[PDB]
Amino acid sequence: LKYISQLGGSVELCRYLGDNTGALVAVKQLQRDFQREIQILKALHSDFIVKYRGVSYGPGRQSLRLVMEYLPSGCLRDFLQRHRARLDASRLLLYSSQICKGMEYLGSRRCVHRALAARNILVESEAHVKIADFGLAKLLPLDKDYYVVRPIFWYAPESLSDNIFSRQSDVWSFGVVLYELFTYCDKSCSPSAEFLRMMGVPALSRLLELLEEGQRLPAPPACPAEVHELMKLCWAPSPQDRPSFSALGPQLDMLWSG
């Protein structure tokens, strides 16, 4: 495990015979505890979720490291921004469907991802993406569909207000992911940029007022109408009115098909 460089807690690129011939891996370390993260990712087997490879130990064997596949093509956000000129609406719908299906898998395991955003979706290749960054992921109790704890423009209003997270706070987030995809993560119309135009006062305060009045992110000018409608659903004021990942999935698959 020879350190190379910083990819993102902290994630580091490492090369795993001594002859510098070993494969590259991504390695997460801290500097609480990601014992939970390791257990969650190890159980998950999906073509749309980054692949666990094992564990190793840190200095003195006092520390665990999480060993995962490294995707050099990097995060979807950067991929979109560089190559916007040559990625079509069909390819974005493909990405959307893949992400949706990984979220379904998570939901069936009572897993709240919480961090879902284009920056922690990885490009395995041009036509295949995988969900990563399980650092804030938390499993729901068997008897309860949310939790409470002690990046504002991705979070549902009840998360911002009352510190509630659920699978439906994830759905609000996935809506914001669709928005990232169909704006190719352009800085000029980022969630944060749109926010600053929507008031010409603390951000979080003003954001919660805007959301309460029903103001949402505008359709990307090049976005298919049916994808915009999905986004607005995902940003339903009440958690219970947002569609499930299971209800979204067919729509995006229907859209991608066409």
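In case it trips you up, residue 1 is the first one in the sequence shown, and so on. The term rigid core refers to the most C-alpha atoms you can superpose between the two forms while keeping them within 1.5 Å.
Of 177-185 and 67-75, the stretch whose C-alpha atoms sit farther from the shown form in 4 other deposited structures of this protein, after fitting on the rigid core, is 67-75. When the other structures are laid on the shown form by the rigid core, the stretch among 235-243 and 18-26 with the greater C-alpha deviation in 4 other deposited structures of this protein turns out to be 18-26. Compared with other entries of the same protein, residue 59 falls in the group left without coordinates by at least a third of them, where both flanks are modelled. The segment from residue 200 to residue 201 is interrupted, since 4 to 9 residues of the deposited sequence in that interval carry no coordinates. Count the deposited residues lacking coordinates between residue 16 and residue 17 and you get 1 to 3 of them. Across the two stretches, 221-229 and 44-52, the PDB entry reports the greater mean Cα temperature factor for 221-229. Higher average CA B factor: 76-84, of the stretches 76-84 and 174-182. Per the deposited record, the Cα B-factor of residue 191 falls in the lowest third when ranked against the other modelled residues of its chain.
Residue-level temperature factors show residue 124 in the middle third of its chain, judged at the C-alpha atom.
Among all modelled residues in its chain, residue 25 ranks in the lowest third by Cα B-factor. Ranked by C-alpha B-factor against the other modelled residues of its chain, residue 148 falls in the middle third. Per the deposited record, the Cα B-factor of residue 234 falls in the lowest third when ranked against the other modelled residues of its chain.
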